[PDB]
Structure formats: structure tokens, C-alpha cells
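Colleague: Here it is, the structure in full.
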Amino acid sequence: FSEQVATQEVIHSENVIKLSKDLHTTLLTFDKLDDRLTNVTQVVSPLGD
Amino acid sequence: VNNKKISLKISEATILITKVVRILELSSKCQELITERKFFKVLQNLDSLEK
């Protein structure tokens with residue numbers, strides 16, 4: 001009964017909810033990733049230069 | 001643990017069923033062996049059980 005459905009509630013609801021929130025924050029992290037990569041290779045033009 | 005719950009009631013149910021089956025057969029053999037000084041439904045019900 002609602003112990004198992006409580007695992008559906010907390011696990012499914014919190015898993016979906018913090019899955020979207022943590023994965024969207026991870027998308028902001030990937031925004032910082034390509035940010036630092038773009039500034040990185042853009043600073044690495046003097047390497048080939 | 002909801003699948004250990006459902007698994008526990010699942011295999012508990014199936015083993016309860018097979019336990020009921022062997023309980024029935026050994027119960028019938030007890031009904032056979034109980035009959036002393038009758039010798040008439042002995043071969044009838046006993047040979048029905050061994051079938």
C-alpha cells in the first residue's frame with residue numbers, strides 16, 4: 001500500500017522534480033563549460049599564432 | 001522494496017499454492033493409511049491416490 005506508493009510519491013515526484021532542477025542547473029553548468037572553452041581556445045589563438 | 005514486497009507476496013503466494021498442493025496429496029495418503037480394519041476402500045481410495 002501507500003508505503004510503496006509513498007516510494008512512488010517521494011521517489012517518483014522528487015526524482016522527476018529534482019531531476020529537472022538539477023539537470024537544468026547542469027545545463028547552466030554546461031553553459032559555463034562552453035563559456036570557458038570558448039574563452040580558452042580564443043585565448044589559444046596565440047598558441048598557433 | 002516495493003518489488004521486494006510484491007516479490008515477497010508473489011513467491012510467498014506461489015509457495016503457498018504448492019504447499020497447499022503437497023498438503024492435499026499427503027493429506028490423501030494420510031486418509032489412506034488411517035483406514036485400518038476396513039480393507040474395502042483401501043484399494044479404491046488408495047489406488048485413486050496413487051493415480
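So you can find residues: chains in the C-alpha cells are A, B, ... in the order shown, residues in each start at 1, and ligands are numbered from 1 in order.
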Kindly determine which residues of chain A lie within 10 Å of chain B, considering only C-alpha atoms, and give the answer as a list in words.
Modeller: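 The selection requested is residues 1, 3, 4, 5, 6, 7 and 8 of chain A.
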Colleague: Put those residues in a file: N, CA, C and O atoms, as an mmCIF file, in the first residue's frame.
Modeller:
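The file below, again_22.cif, is the result:
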```cif
data_model
loop_
_atom_site.group_PDB
_atom_site.id
_atom_site.type_symbol
_atom_site.label_atom_id
_atom_site.label_comp_id
_atom_site.auth_asym_id
_atom_site.auth_seq_id
_atom_site.Cartn_x
_atom_site.Cartn_y
_atom_site.Cartn_z
ATOM 1 N N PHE A 1 0.841 -1.188 0.000
ATOM 2 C CA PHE A 1 0.000 0.000 0.000
ATOM 3 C C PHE A 1 0.880 1.243 0.000
ATOM 4 O O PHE A 1 2.050 1.187 -0.393
ATOM 5 N N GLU A 3 2.889 2.848 1.560
ATOM 6 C CA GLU A 3 4.339 2.807 1.693
ATOM 7 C C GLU A 3 4.995 2.645 0.324
ATOM 8 O O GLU A 3 5.928 3.381 -0.019
ATOM 9 N N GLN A 4 4.517 1.679 -0.472
ATOM 10 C CA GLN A 4 5.027 1.505 -1.831
ATOM 11 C C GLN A 4 4.663 2.691 -2.710
ATOM 12 O O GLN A 4 5.498 3.198 -3.469
ATOM 13 N N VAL A 5 3.417 3.156 -2.613
ATOM 14 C CA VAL A 5 3.030 4.370 -3.321
ATOM 15 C C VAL A 5 3.663 5.613 -2.723
ATOM 16 O O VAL A 5 3.700 6.652 -3.384
ATOM 17 N N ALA A 6 4.147 5.537 -1.483
ATOM 18 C CA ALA A 6 4.952 6.621 -0.937
ATOM 19 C C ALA A 6 6.346 6.611 -1.537
ATOM 20 O O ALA A 6 6.971 7.669 -1.667
ATOM 21 N N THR A 7 6.850 5.428 -1.899
ATOM 22 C CA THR A 7 8.070 5.373 -2.696
ATOM 23 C C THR A 7 7.819 5.901 -4.102
ATOM 24 O O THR A 7 8.706 6.511 -4.707
ATOM 25 N N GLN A 8 6.613 5.680 -4.635
ATOM 26 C CA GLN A 8 6.255 6.315 -5.901
ATOM 27 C C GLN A 8 6.132 7.827 -5.758
ATOM 28 O O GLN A 8 6.480 8.566 -6.682
#
```
Colleague: Between atom CA of residue A:23 and atom CA of residue A:10, what is the spacing in Å?
Modeller: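 Atom-to-atom, atom CA of residue A:10 and atom CA of residue A:23 are spaced 18.1 Å apart.
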